[PDB]
Structure formats: C-alpha cells, structure tokens
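A single chain, nothing else alongside it, follows as structure tokens in the form deposited in one PDB entry.
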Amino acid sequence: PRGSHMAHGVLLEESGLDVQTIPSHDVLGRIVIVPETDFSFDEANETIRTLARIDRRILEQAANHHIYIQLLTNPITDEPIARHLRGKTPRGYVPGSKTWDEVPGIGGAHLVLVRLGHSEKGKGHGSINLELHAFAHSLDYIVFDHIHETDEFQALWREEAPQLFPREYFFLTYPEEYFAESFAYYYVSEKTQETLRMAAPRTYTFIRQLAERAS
C-alpha cells in the first residue's frame, strides 16, 4: 500500500529517515524531499548535515518561502519538468562537451534539484559543494530578492572576486555565481570559511549577516 504523499518523493519529516541528531532537523524536515525509491542513506545524511550548517534563520526563511530541496537518485532530465533538457547543451558550455543529462543540480526556483553522489567539486559541476551552491541560488532569487543585483553586493563582487576566484571563470564573472559559491565557502567547512575570510573579507561579512537582508 503506497500513499500518493510518497509517490513523487517523500518529505524528509514523513520519510522515517532518522535525523534526530542533525541540527535544525525540524526545519530541514519541511524543506528536503528524499527519494521514494531506494537511495543511499549515507549520501542523503551527508547532504542534509551539510545543509544543517546553515544559519537556522536562513533555513526558516527558506521554509516560510516554501523552498524545497529534492534529492534525486536519477538524473534531473528524468524529472518531467526538466525533460526538455535531455540531450541539450547547458548554456556556457561548448556544445559536445556537456549535456544536461550530466548536470547534477539546478537551483534558483522554489524547487532545487540535487542528485545524490555529486556533492564534491568536479562531479559534474565546479562548486566546492553542490547542495549549498544550488540552494544559495534559490535563496538569492526568492528569499533575498535577487540580492546579487544590489549596489552593495555588486561592489563586493567587483572588488573581491578577482582575489578569491582568479582562475574560475563562472564564479569570477557572474555575480549570481559569486554569491552562490561564496555562500558555499562560508558554510561547507571552517577551512573554506577562513579562505573566504582571508581573500574576500567584505564578502565574508556580507554572507555572515545575510539573514538580515531578506525581503
């Protein structure tokens, strides 16, 4: 007997997955959607624990805006709402070098898609952490009302991105990518946070106080 509340994925709080020792699991339980088919508990647990490093207030903002992060075992291009992407080149890549079938995450909308097993840099993407980076796009556009376009953030990007991402074209030259990757550096580990602080101290302070910038 399979309920329709699980047919298209399972909200984490309804999944039976044990997350009682994860910080902010009461909020993440209403944001994260896990697969309704077999999946790796280790991969989901690591992803959710990385998301749990985020300031609780920001997670509450995401939940109150009804942003969801759906963890997939399948490619994004098997989801009906992404099926038009099958076999197509993603913008910014040379055709033949990449297809959307190989892109493991998409952020920006109220539904963030993250394929499990692809978190680390180079696994189909160039971010230090796929789930933080993709979620940050949705935070940027929805919670923070395109904060990467503000005068203050634009000035931080101009002054500090050349110091932090001199060799990483997308993060250097796209303000929304600079925002999302700076967010990931702040939250993925103490080491990456201190790297951000040393190379881009005003950006570090901006991310640190991000929760006070919502709309």
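The first residue of the sequence shown is number 1, and the count goes up from there. Here the rigid core means the biggest group of C-alpha atoms that line up within 1.5 Å when the two forms are laid on top of each other.
J.: Name the higher of the two by mean Cα B-factor in the PDB entry, 39 to 47 versus 62 to 70.
T.: Taking the mean C-alpha B-factor of 39 to 47 and of 62 to 70, the larger value falls to 39 to 47.
J.: Quick check on the record: does 154 to 162 or 28 to 36 carry the larger mean Cα temperature factor?
T.: Per the deposited B-factors, the answer is 154 to 162.
J.: Highest Cα temperature factor in the entry, among the options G108, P90, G96, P75: which one is it?
T.: The record points to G96.
J.: Thinking about Cα B factors across the chain, which third does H133 belong to?
T.: Answer is lowest: the recorded C-alpha B-factor places it there.
J.: Sorting the chain's CA B-factors, does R53 end up in the lowest, middle or highest third?
T.: Lowest third, going by the recorded CA B-factors of the chain.
J.: Splitting the chain's C-alpha B-factors into thirds, which one does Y169 fall into?
T.: It belongs to the highest third of the chain when residues are ordered by C-alpha B-factor.
J.: Taking the values exactly as deposited, rank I81 by C-alpha B-factor within its chain and report the matching third: lowest, middle or highest.
T.: Its C-alpha B-factor, which the entry lists for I81, ranks in the middle third among residues of this chain.
What comes next is about the form deposited in another entry, which is not displayed.
J.: If you fit the rigid core between this form and the one not shown, which of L85, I128, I142, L72 ends up with a C-alpha shift of 2 Å or more?
T.: Among the listed residues, the one whose C-alpha moves by 2 Å or more is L85.
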